[PDB]
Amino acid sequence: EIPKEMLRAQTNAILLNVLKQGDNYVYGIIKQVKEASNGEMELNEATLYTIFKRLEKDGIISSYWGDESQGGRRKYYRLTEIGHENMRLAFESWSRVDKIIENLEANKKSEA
């Protein structure tokens, strides 16, 4: 199986990169990800809300109301500067981890 920890990490990863490309609202994120995957990836709405609560807690995304001029009120999400840094740190740490593994493969090889 893909364990539950990894599925959530994949969904977290998708949501942050979508918001990196532009402010968005939940149904639009789900629609856009389904489109980018030719209908194959249907994100679970319930799962977005728990992740969004966490990301808002950590200051990684913020929200604001739009579409009020028509008589409605939709919540939009934005990647914050803390969020941009978190993505940079995730890239940099994962590159460090990957380099350690590459080094290990080599050290194993050169011993031979």
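Start at 1 and count along the sequence shown; that's the residue number.
Legend: mean Cα B-factor per stretch from the PDB entry, 64-72 versus 47-55; the higher mean is in 64-72. With 99-107 and 7-15 compared on mean CA B-factor from the PDB entry, the stretch scoring higher is 99-107.
Among the modelled residues of its chain, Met87 has a C-alpha B-factor that falls in the lowest third according to the deposited record. Sort the chain's modelled residues by C-alpha temperature factor and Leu79 lands in the middle third, per the entry.
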